[PDB]
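Chemist: Below is the file start-v3.pdb, with PDB, C-alpha atoms.
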```pdb
MODEL        1
ATOM      1  CA  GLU A   6     -20.130 -11.526  -0.143  1.00  0.00           C
ATOM      2  CA  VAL A   7     -19.102  -8.153   1.256  1.00  0.00           C
ATOM      3  CA  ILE A   8     -17.342  -6.961  -1.914  1.00  0.00           C
ATOM      4  CA  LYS A   9     -19.842  -7.133  -4.774  1.00  0.00           C
ATOM      5  CA  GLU A  10     -18.961  -7.039  -8.484  1.00  0.00           C
ATOM      6  CA  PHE A  11     -20.200  -3.437  -8.594  1.00  0.00           C
ATOM      7  CA  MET A  12     -19.506  -1.019  -5.716  1.00  0.00           C
ATOM      8  CA  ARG A  13     -20.038   2.705  -5.175  1.00  0.00           C
ATOM      9  CA  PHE A  14     -17.870   4.921  -3.004  1.00  0.00           C
ATOM     10  CA  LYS A  15     -18.139   8.294  -1.301  1.00  0.00           C
ATOM     11  CA  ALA A  16     -15.041  10.357  -0.711  1.00  0.00           C
ATOM     12  CA  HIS A  17     -14.303  13.396   1.459  1.00  0.00           C
ATOM     13  CA  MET A  18     -10.954  15.124   1.249  1.00  0.00           C
ATOM     14  CA  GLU A  19      -9.523  17.894   3.360  1.00  0.00           C
ATOM     15  CA  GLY A  20      -6.162  19.561   3.169  1.00  0.00           C
ATOM     16  CA  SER A  21      -3.694  22.319   2.520  1.00  0.00           C
ATOM     17  CA  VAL A  22      -1.114  22.826  -0.243  1.00  0.00           C
ATOM     18  CA  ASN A  23       1.578  25.499   0.075  1.00  0.00           C
ATOM     19  CA  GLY A  24      -0.650  26.973   2.785  1.00  0.00           C
ATOM     20  CA  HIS A  25      -3.798  26.927   0.662  1.00  0.00           C
ATOM     21  CA  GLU A  26      -6.680  25.161   2.442  1.00  0.00           C
ATOM     22  CA  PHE A  27      -9.480  23.301   0.606  1.00  0.00           C
ATOM     23  CA  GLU A  28     -12.213  20.626   0.788  1.00  0.00           C
ATOM     24  CA  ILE A  29     -13.247  18.130  -1.872  1.00  0.00           C
ATOM     25  CA  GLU A  30     -16.278  15.858  -1.887  1.00  0.00           C
ATOM     26  CA  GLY A  31     -16.950  13.134  -4.432  1.00  0.00           C
ATOM     27  CA  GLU A  32     -18.812  10.007  -5.465  1.00  0.00           C
ATOM     28  CA  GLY A  33     -17.638   7.136  -7.627  1.00  0.00           C
ATOM     29  CA  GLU A  34     -18.419   3.614  -8.810  1.00  0.00           C
ATOM     30  CA  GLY A  35     -16.569   0.642 -10.240  1.00  0.00           C
ATOM     31  CA  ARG A  36     -15.978  -3.058 -10.600  1.00  0.00           C
ATOM     32  CA  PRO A  37     -13.481  -4.137  -7.905  1.00  0.00           C
ATOM     33  CA  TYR A  38     -12.658  -7.517  -9.521  1.00  0.00           C
ATOM     34  CA  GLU A  39     -12.059  -5.925 -12.932  1.00  0.00           C
ATOM     35  CA  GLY A  40      -9.901  -3.104 -11.545  1.00  0.00           C
ATOM     36  CA  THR A  41     -11.862  -0.218 -13.056  1.00  0.00           C
ATOM     37  CA  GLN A  42     -13.652   2.798 -11.534  1.00  0.00           C
ATOM     38  CA  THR A  43     -14.762   6.381 -12.248  1.00  0.00           C
ATOM     39  CA  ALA A  44     -15.661   9.292  -9.972  1.00  0.00           C
ATOM     40  CA  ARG A  45     -17.132  12.799  -9.970  1.00  0.00           C
ATOM     41  CA  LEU A  46     -15.365  15.265  -7.652  1.00  0.00           C
ATOM     42  CA  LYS A  47     -16.277  18.815  -6.611  1.00  0.00           C
ATOM     43  CA  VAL A  48     -14.158  21.419  -4.841  1.00  0.00           C
ATOM     44  CA  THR A  49     -16.551  22.427  -2.038  1.00  0.00           C
ATOM     45  CA  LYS A  50     -14.274  24.893  -0.212  1.00  0.00           C
ATOM     46  CA  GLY A  51     -11.201  26.810  -1.338  1.00  0.00           C
ATOM     47  CA  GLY A  52     -12.029  26.641  -5.021  1.00  0.00           C
ATOM     48  CA  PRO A  53     -10.861  27.314  -7.575  1.00  0.00           C
ATOM     49  CA  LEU A  54      -7.613  25.695  -6.449  1.00  0.00           C
ATOM     50  CA  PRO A  55      -4.436  27.714  -6.975  1.00  0.00           C
ATOM     51  CA  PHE A  56      -2.554  24.518  -7.900  1.00  0.00           C
ATOM     52  CA  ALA A  57      -2.665  21.556 -10.326  1.00  0.00           C
ATOM     53  CA  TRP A  58      -5.518  19.103  -9.697  1.00  0.00           C
ATOM     54  CA  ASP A  59      -3.102  16.407 -10.864  1.00  0.00           C
ATOM     55  CA  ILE A  60      -1.493  16.217  -7.408  1.00  0.00           C
ATOM     56  CA  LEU A  61      -4.866  15.408  -5.851  1.00  0.00           C
ATOM     57  CA  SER A  62      -6.151  12.844  -8.354  1.00  0.00           C
ATOM     58  CA  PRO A  63      -4.056   9.923  -7.003  1.00  0.00           C
ATOM     59  CA  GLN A  64      -5.254  10.645  -3.429  1.00  0.00           C
ATOM     60  CA  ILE A  65      -8.785   9.934  -4.455  1.00  0.00           C
ATOM     61  CA  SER A  69      -9.094   3.588  -4.106  1.00  0.00           C
ATOM     62  CA  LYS A  70      -7.243   0.297  -3.847  1.00  0.00           C
ATOM     63  CA  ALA A  71     -10.204  -1.931  -3.241  1.00  0.00           C
ATOM     64  CA  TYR A  72     -10.610  -1.792  -7.059  1.00  0.00           C
ATOM     65  CA  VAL A  73      -7.467  -3.563  -8.329  1.00  0.00           C
ATOM     66  CA  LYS A  74      -7.810  -6.680 -10.469  1.00  0.00           C
ATOM     67  CA  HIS A  75      -5.780  -9.526  -8.917  1.00  0.00           C
ATOM     68  CA  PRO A  76      -4.888 -13.020 -10.156  1.00  0.00           C
ATOM     69  CA  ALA A  77      -6.510 -15.799  -8.151  1.00  0.00           C
ATOM     70  CA  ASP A  78      -3.160 -16.918  -6.681  1.00  0.00           C
ATOM     71  CA  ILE A  79      -2.466 -13.504  -5.175  1.00  0.00           C
ATOM     72  CA  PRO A  80      -4.353 -12.813  -1.944  1.00  0.00           C
ATOM     73  CA  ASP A  81      -6.202  -9.535  -2.373  1.00  0.00           C
ATOM     74  CA  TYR A  82      -5.245  -8.137   1.029  1.00  0.00           C
ATOM     75  CA  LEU A  83      -7.125  -4.870   0.754  1.00  0.00           C
ATOM     76  CA  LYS A  84     -10.375  -6.512  -0.399  1.00  0.00           C
ATOM     77  CA  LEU A  85      -9.953  -9.090   2.362  1.00  0.00           C
ATOM     78  CA  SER A  86      -9.801  -6.235   4.896  1.00  0.00           C
ATOM     79  CA  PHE A  87     -13.511  -5.388   4.547  1.00  0.00           C
ATOM     80  CA  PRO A  88     -16.098  -4.793   5.968  1.00  0.00           C
ATOM     81  CA  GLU A  89     -13.760  -3.146   8.524  1.00  0.00           C
ATOM     82  CA  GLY A  90     -11.355  -1.801   5.894  1.00  0.00           C
ATOM     83  CA  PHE A  91      -7.846  -0.374   5.872  1.00  0.00           C
ATOM     84  CA  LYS A  92      -5.777   2.768   6.315  1.00  0.00           C
ATOM     85  CA  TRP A  93      -2.988   4.185   4.195  1.00  0.00           C
ATOM     86  CA  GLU A  94      -0.197   6.703   4.690  1.00  0.00           C
ATOM     87  CA  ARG A  95       1.672   8.144   1.702  1.00  0.00           C
ATOM     88  CA  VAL A  96       4.664  10.381   1.061  1.00  0.00           C
ATOM     89  CA  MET A  97       5.333  11.816  -2.399  1.00  0.00           C
ATOM     90  CA  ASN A  98       8.712  13.483  -3.004  1.00  0.00           C
ATOM     91  CA  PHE A  99       8.723  15.604  -6.153  1.00  0.00           C
ATOM     92  CA  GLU A 100      11.894  16.347  -8.104  1.00  0.00           C
ATOM     93  CA  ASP A 101      11.771  20.104  -7.359  1.00  0.00           C
ATOM     94  CA  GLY A 102      11.466  19.683  -3.582  1.00  0.00           C
ATOM     95  CA  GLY A 103       7.680  19.750  -3.260  1.00  0.00           C
ATOM     96  CA  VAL A 104       6.291  17.163  -0.823  1.00  0.00           C
ATOM     97  CA  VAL A 105       2.830  15.666  -0.516  1.00  0.00           C
ATOM     98  CA  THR A 106       1.851  13.543   2.477  1.00  0.00           C
ATOM     99  CA  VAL A 107      -1.475  11.760   2.816  1.00  0.00           C
ATOM    100  CA  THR A 108      -3.365   9.800   5.450  1.00  0.00           C
ATOM    101  CA  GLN A 109      -6.556   8.000   4.461  1.00  0.00           C
ATOM    102  CA  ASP A 110      -9.254   5.832   6.042  1.00  0.00           C
ATOM    103  CA  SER A 111     -11.264   3.342   3.966  1.00  0.00           C
ATOM    104  CA  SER A 112     -14.355   1.723   5.424  1.00  0.00           C
ATOM    105  CA  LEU A 113     -17.531   0.015   4.242  1.00  0.00           C
ATOM    106  CA  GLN A 114     -20.787   1.597   5.385  1.00  0.00           C
ATOM    107  CA  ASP A 115     -23.987  -0.167   4.351  1.00  0.00           C
ATOM    108  CA  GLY A 116     -22.815  -1.439   0.980  1.00  0.00           C
ATOM    109  CA  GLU A 117     -20.818   1.599  -0.165  1.00  0.00           C
ATOM    110  CA  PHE A 118     -17.132   2.360   0.432  1.00  0.00           C
ATOM    111  CA  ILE A 119     -16.368   5.474   2.486  1.00  0.00           C
ATOM    112  CA  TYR A 120     -13.067   7.319   2.028  1.00  0.00           C
ATOM    113  CA  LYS A 121     -11.768   9.978   4.403  1.00  0.00           C
ATOM    114  CA  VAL A 122      -8.633  11.682   3.042  1.00  0.00           C
ATOM    115  CA  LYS A 123      -6.231  14.264   4.562  1.00  0.00           C
ATOM    116  CA  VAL A 124      -3.668  15.923   2.252  1.00  0.00           C
ATOM    117  CA  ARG A 125      -0.754  18.224   2.977  1.00  0.00           C
ATOM    118  CA  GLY A 126       1.502  19.638   0.291  1.00  0.00           C
ATOM    119  CA  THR A 127       4.453  21.918   1.053  1.00  0.00           C
ATOM    120  CA  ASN A 128       7.700  23.296  -0.372  1.00  0.00           C
ATOM    121  CA  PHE A 129       6.354  23.519  -3.949  1.00  0.00           C
ATOM    122  CA  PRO A 130       8.195  26.297  -5.820  1.00  0.00           C
ATOM    123  CA  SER A 131       5.828  29.200  -6.519  1.00  0.00           C
ATOM    124  CA  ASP A 132       7.114  29.210 -10.078  1.00  0.00           C
ATOM    125  CA  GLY A 133       6.777  25.456 -10.513  1.00  0.00           C
ATOM    126  CA  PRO A 134       4.409  23.394 -12.665  1.00  0.00           C
ATOM    127  CA  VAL A 135       2.203  22.601  -9.629  1.00  0.00           C
ATOM    128  CA  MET A 136       1.590  26.145  -8.390  1.00  0.00           C
ATOM    129  CA  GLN A 137       1.373  27.504 -11.940  1.00  0.00           C
ATOM    130  CA  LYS A 138      -0.826  24.596 -13.121  1.00  0.00           C
ATOM    131  CA  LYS A 139       1.334  23.521 -16.056  1.00  0.00           C
ATOM    132  CA  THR A 140       0.606  19.804 -15.662  1.00  0.00           C
ATOM    133  CA  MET A 141      -1.178  17.518 -18.103  1.00  0.00           C
ATOM    134  CA  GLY A 142      -1.953  14.190 -16.404  1.00  0.00           C
ATOM    135  CA  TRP A 143      -0.056  11.165 -15.128  1.00  0.00           C
ATOM    136  CA  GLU A 144       1.801   8.723 -17.342  1.00  0.00           C
ATOM    137  CA  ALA A 145       0.998   5.073 -16.580  1.00  0.00           C
ATOM    138  CA  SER A 146       2.738   3.854 -13.361  1.00  0.00           C
ATOM    139  CA  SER A 147       3.821   0.545 -11.896  1.00  0.00           C
ATOM    140  CA  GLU A 148       3.643   0.234  -8.123  1.00  0.00           C
ATOM    141  CA  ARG A 149       6.033  -2.201  -6.493  1.00  0.00           C
ATOM    142  CA  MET A 150       3.993  -4.030  -3.801  1.00  0.00           C
ATOM    143  CA  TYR A 151       5.668  -5.943  -0.940  1.00  0.00           C
ATOM    144  CA  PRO A 152       4.841  -7.101   2.590  1.00  0.00           C
ATOM    145  CA  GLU A 153       6.884  -5.485   5.354  1.00  0.00           C
ATOM    146  CA  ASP A 154       6.403  -5.084   9.101  1.00  0.00           C
ATOM    147  CA  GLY A 155       2.862  -6.466   9.088  1.00  0.00           C
ATOM    148  CA  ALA A 156       1.716  -4.108   6.333  1.00  0.00           C
ATOM    149  CA  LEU A 157       1.494  -4.036   2.563  1.00  0.00           C
ATOM    150  CA  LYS A 158       3.902  -1.416   1.186  1.00  0.00           C
ATOM    151  CA  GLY A 159       3.953   0.193  -2.249  1.00  0.00           C
ATOM    152  CA  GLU A 160       6.759   2.068  -3.985  1.00  0.00           C
ATOM    153  CA  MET A 161       6.710   3.794  -7.364  1.00  0.00           C
ATOM    154  CA  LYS A 162       8.240   6.518  -9.456  1.00  0.00           C
ATOM    155  CA  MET A 163       5.400   8.542 -10.977  1.00  0.00           C
ATOM    156  CA  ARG A 164       5.761  10.976 -13.883  1.00  0.00           C
ATOM    157  CA  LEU A 165       3.501  13.931 -14.521  1.00  0.00           C
ATOM    158  CA  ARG A 166       3.261  15.247 -18.107  1.00  0.00           C
ATOM    159  CA  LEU A 167       3.948  18.988 -18.525  1.00  0.00           C
ATOM    160  CA  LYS A 168       1.848  21.171 -20.804  1.00  0.00           C
ATOM    161  CA  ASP A 169       5.031  22.877 -22.045  1.00  0.00           C
ATOM    162  CA  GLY A 170       6.750  19.671 -23.166  1.00  0.00           C
ATOM    163  CA  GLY A 171       8.602  17.705 -20.487  1.00  0.00           C
ATOM    164  CA  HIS A 172       7.898  15.449 -17.499  1.00  0.00           C
ATOM    165  CA  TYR A 173       7.805  16.157 -13.733  1.00  0.00           C
ATOM    166  CA  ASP A 174       8.779  13.271 -11.455  1.00  0.00           C
ATOM    167  CA  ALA A 175       7.838  12.079  -7.970  1.00  0.00           C
ATOM    168  CA  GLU A 176       9.163   9.327  -5.711  1.00  0.00           C
ATOM    169  CA  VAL A 177       6.258   7.665  -3.858  1.00  0.00           C
ATOM    170  CA  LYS A 178       6.118   5.395  -0.810  1.00  0.00           C
ATOM    171  CA  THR A 179       2.866   4.165   0.716  1.00  0.00           C
ATOM    172  CA  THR A 180       1.949   1.918   3.679  1.00  0.00           C
ATOM    173  CA  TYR A 181      -1.446   0.173   3.380  1.00  0.00           C
ATOM    174  CA  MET A 182      -2.715  -1.375   6.620  1.00  0.00           C
ATOM    175  CA  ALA A 183      -5.779  -3.610   7.022  1.00  0.00           C
ATOM    176  CA  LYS A 184      -7.833  -3.116  10.176  1.00  0.00           C
ATOM    177  CA  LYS A 185      -7.500  -6.905  10.735  1.00  0.00           C
ATOM    178  CA  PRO A 186      -4.475  -9.084   9.906  1.00  0.00           C
ATOM    179  CA  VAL A 187      -5.826 -10.758   6.752  1.00  0.00           C
ATOM    180  CA  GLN A 188      -3.463 -12.629   4.423  1.00  0.00           C
ATOM    181  CA  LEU A 189      -0.594 -10.493   3.124  1.00  0.00           C
ATOM    182  CA  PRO A 190       0.578 -11.329  -0.442  1.00  0.00           C
ATOM    183  CA  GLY A 191       4.146 -11.872  -1.577  1.00  0.00           C
ATOM    184  CA  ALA A 192       5.843  -9.233  -3.732  1.00  0.00           C
ATOM    185  CA  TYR A 193       4.120  -8.203  -6.977  1.00  0.00           C
ATOM    186  CA  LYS A 194       3.488  -5.140  -9.192  1.00  0.00           C
ATOM    187  CA  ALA A 195       0.285  -3.103  -9.622  1.00  0.00           C
ATOM    188  CA  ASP A 196      -0.033  -1.219 -12.924  1.00  0.00           C
ATOM    189  CA  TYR A 197      -2.101   1.971 -13.024  1.00  0.00           C
ATOM    190  CA  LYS A 198      -3.597   4.247 -15.661  1.00  0.00           C
ATOM    191  CA  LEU A 199      -5.382   7.336 -14.297  1.00  0.00           C
ATOM    192  CA  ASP A 200      -7.138   9.827 -16.648  1.00  0.00           C
ATOM    193  CA  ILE A 201      -9.031  13.067 -16.103  1.00  0.00           C
ATOM    194  CA  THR A 202     -12.016  12.531 -18.409  1.00  0.00           C
ATOM    195  CA  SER A 203     -13.900  15.791 -17.849  1.00  0.00           C
ATOM    196  CA  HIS A 204     -13.202  19.116 -16.134  1.00  0.00           C
ATOM    197  CA  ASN A 205     -14.717  22.599 -16.273  1.00  0.00           C
ATOM    198  CA  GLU A 206     -12.543  25.634 -16.991  1.00  0.00           C
ATOM    199  CA  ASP A 207     -11.212  26.112 -13.442  1.00  0.00           C
ATOM    200  CA  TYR A 208     -11.270  22.428 -12.347  1.00  0.00           C
ATOM    201  CA  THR A 209     -13.803  22.813  -9.515  1.00  0.00           C
ATOM    202  CA  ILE A 210     -15.730  19.970 -11.128  1.00  0.00           C
ATOM    203  CA  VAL A 211     -13.522  17.079 -12.298  1.00  0.00           C
ATOM    204  CA  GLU A 212     -14.174  13.493 -13.387  1.00  0.00           C
ATOM    205  CA  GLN A 213     -11.593  10.727 -13.404  1.00  0.00           C
ATOM    206  CA  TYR A 214     -11.211   7.128 -14.496  1.00  0.00           C
ATOM    207  CA  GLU A 215      -8.635   4.594 -13.347  1.00  0.00           C
ATOM    208  CA  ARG A 216      -7.638   1.066 -14.355  1.00  0.00           C
ATOM    209  CA  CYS A 217      -5.351  -0.873 -12.001  1.00  0.00           C
ATOM    210  CA  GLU A 218      -4.215  -4.483 -12.330  1.00  0.00           C
ATOM    211  CA  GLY A 219      -1.840  -6.505 -10.165  1.00  0.00           C
ATOM    212  CA  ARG A 220       0.514  -8.752 -12.122  1.00  0.00           C
TER     213      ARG A 220
ENDMDL
END
```
Is it possible to give me this structure as structure tokens?

Modeler:
Amino acid sequence: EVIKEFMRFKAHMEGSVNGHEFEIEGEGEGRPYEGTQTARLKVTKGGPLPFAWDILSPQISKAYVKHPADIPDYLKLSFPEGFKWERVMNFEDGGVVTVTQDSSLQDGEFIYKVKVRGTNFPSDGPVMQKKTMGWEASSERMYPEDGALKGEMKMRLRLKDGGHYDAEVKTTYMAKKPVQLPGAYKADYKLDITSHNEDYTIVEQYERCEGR
């Protein structure tokens, strides 16, 4: 049908973190029913970034989440029109990241438009000093509320110096048509940076996500 067993995507991201503006463009591919995907991203403006790429990686794809048959796959069902999402991440040291995203399907490939704002990150923190080392696996609590599918999760970022750096995350995912919302369930994620040049202006990532 509209969602094939293999799908490519194009992504464009604009934003600002602690006042630093940037643009990122990327292309990816994956297997939406198996919950797996990879992408190649390039910082096209504002590179090299003065902050950890790790805060941007989750803002680059929910059409690729493996679901059981008895769970309506609301975000897949939303296509060809698609869906929008709005996210707020509250980090333990007061940093905040907010995101608004549009997902659409244009002639057989997914199109992602992302806007990112980060603010209040301590200048001496792991984000502005780039001391981060990738996200631990996460479980997102999914639940229907107010005509939308909501997600909530605590995410933990590994630090290069030893510890962990935590965020509280809340996201609203909204189909462009009112397709069948699921009941409550959990989506488990693993997101890895698989390749990156010295300054991270070219980065590759891989993610597996499965609803339980």

Chemist: Given the file shown, enumerate the residues that the PyMOL selection byres ((chain A and resi 163) around 9) captures and present them as JSON, numbers by chain.

Modeler: {"A": [143, 144, 145, 146, 147, 148, 161, 162, 164, 165, 173, 174, 175, 176, 177]}

Chemist: May I have the selected residues written with C-alpha atoms, as a compact mmCIF listing (two decimals), keeping the file's coordinate frame?

Modeler:
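And here's again20.txt as it stands now:
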```
# COMPACT_ATOMS: atom_id res chain seq x y z
CA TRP A 143 -0.06 11.16 -15.13
CA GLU A 144 1.80 8.72 -17.34
CA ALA A 145 1.00 5.07 -16.58
CA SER A 146 2.74 3.85 -13.36
CA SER A 147 3.82 0.55 -11.90
CA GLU A 148 3.64 0.23 -8.12
CA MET A 161 6.71 3.79 -7.36
CA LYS A 162 8.24 6.52 -9.46
CA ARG A 164 5.76 10.98 -13.88
CA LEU A 165 3.50 13.93 -14.52
CA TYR A 173 7.80 16.16 -13.73
CA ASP A 174 8.78 13.27 -11.46
CA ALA A 175 7.84 12.08 -7.97
CA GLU A 176 9.16 9.33 -5.71
CA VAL A 177 6.26 7.66 -3.86
```

Chemist: Restricting the calculation to only C-alpha atoms, which member of A:102, A:159, A:116, A:53 is positioned closest to residue 133 of chain A?

Modeler: A:102

Chemist: Have a look at atom CA of residue 92 of chain A and atom CA of residue 212 of chain A and let me know their distance in Å, one decimal.

Modeler: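 These two atoms are separated by 24.0 Å.
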
Chemist: In terms of the shortest atom-to-atom distance over all atoms listed in the file, which of A:101, A:169, A:79, A:134 is closest to residue 192 of chain A?

Modeler: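 Closest to residue 192 of chain A of all the choices is A:79.
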
Chemist: What is the distance, in Å and to one decimal place, between atom CA of residue 70 of chain A and atom CA of residue 15 of chain A?

Modeler: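 Between these atoms lies a distance of 13.8 Å.
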
Chemist: List every residue of segment 98-210 of chain A that has an atom at most 12 Å from any atom of segment 25-49 of chain A, and for each one report the closest atom pair and its distance in Å to one decimal, counting all atoms listed in the file, with rows sorted by chain and then by increasing residue number, as a tab-separated table.

Modeler:
```
residue	atom	partner	partner_atom	distance
A:116	CA	A:34	CA	11.9
A:117	CA	A:34	CA	9.2
A:118	CA	A:33	CA	9.4
A:119	CA	A:32	CA	9.5
A:120	CA	A:31	CA	9.5
A:121	CA	A:30	CA	9.7
A:122	CA	A:29	CA	9.3
A:123	CA	A:28	CA	9.5
A:124	CA	A:27	CA	9.5
A:125	CA	A:26	CA	9.1
A:126	CA	A:25	CA	9.0
A:127	CA	A:25	CA	9.7
A:129	CA	A:25	CA	11.7
A:136	CA	A:25	CA	10.6
A:195	CA	A:40	CA	10.4
A:196	CA	A:40	CA	10.1
A:197	CA	A:40	CA	9.4
A:198	CA	A:41	CA	9.7
A:199	CA	A:43	CA	9.6
A:200	CA	A:43	CA	9.5
A:201	CA	A:43	CA	9.6
A:202	CA	A:43	CA	9.1
A:203	CA	A:45	CA	9.0
A:204	CA	A:46	CA	9.6
A:205	CA	A:47	CA	10.5
A:207	CA	A:48	CA	10.2
A:208	CA	A:48	CA	8.1
A:209	CA	A:48	CA	4.9
A:210	CA	A:47	CA	4.7
```

Chemist: Report, in Å to a single decimal, how far apart atom CA of residue 184 of chain A and atom CA of residue 90 of chain A are.

Modeler: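 So the two atoms, atom CA of residue 90 of chain A and atom CA of residue 184 of chain A, lie 5.7 Å apart.
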
Chemist: Kindly indicate which residue among A:216, A:185, A:74, A:178 lies nearest to residue 155 of chain A, using only C-alpha atoms for the distances.

Modeler: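 The answer is A:185, which sits nearest to residue 155 of chain A.
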
Chemist: On this file, the PyMOL selection byres ((chain A and resi 194) around 6) gives some set of residues; write that set as a PyMOL selection string.

Modeler: chain A and resi 148-150+193+195+219-220

Chemist: Considering all atoms listed in the file, can you say which of A:89, A:153, A:110, A:94 comes closest to residue 189 of chain A?

Modeler: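 Nearest to residue 189 of chain A: A:153.
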
Chemist: Report as a PyMOL selection string all protein, DNA and RNA residues lying within 7 Å of residue 182 of chain A, evaluated on all atoms listed in the file, omitting residues in the same chain fewer than 5 positions from it.

Modeler: chain A and resi 91-93+156-157

Chemist: Which one of A:167, A:140, A:71, A:114 sits closest to residue 181 of chain A if you count all atoms listed in the file?

Modeler: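 Among the listed residues, A:71 lies closest to residue 181 of chain A.
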
Chemist: Choose the residue, out of A:160, A:206, A:215, A:115, that has the smallest atom-to-atom separation from residue 12 of chain A; count only C-alpha atoms.

Modeler: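 Under the stated criterion, the closest residue is A:115.
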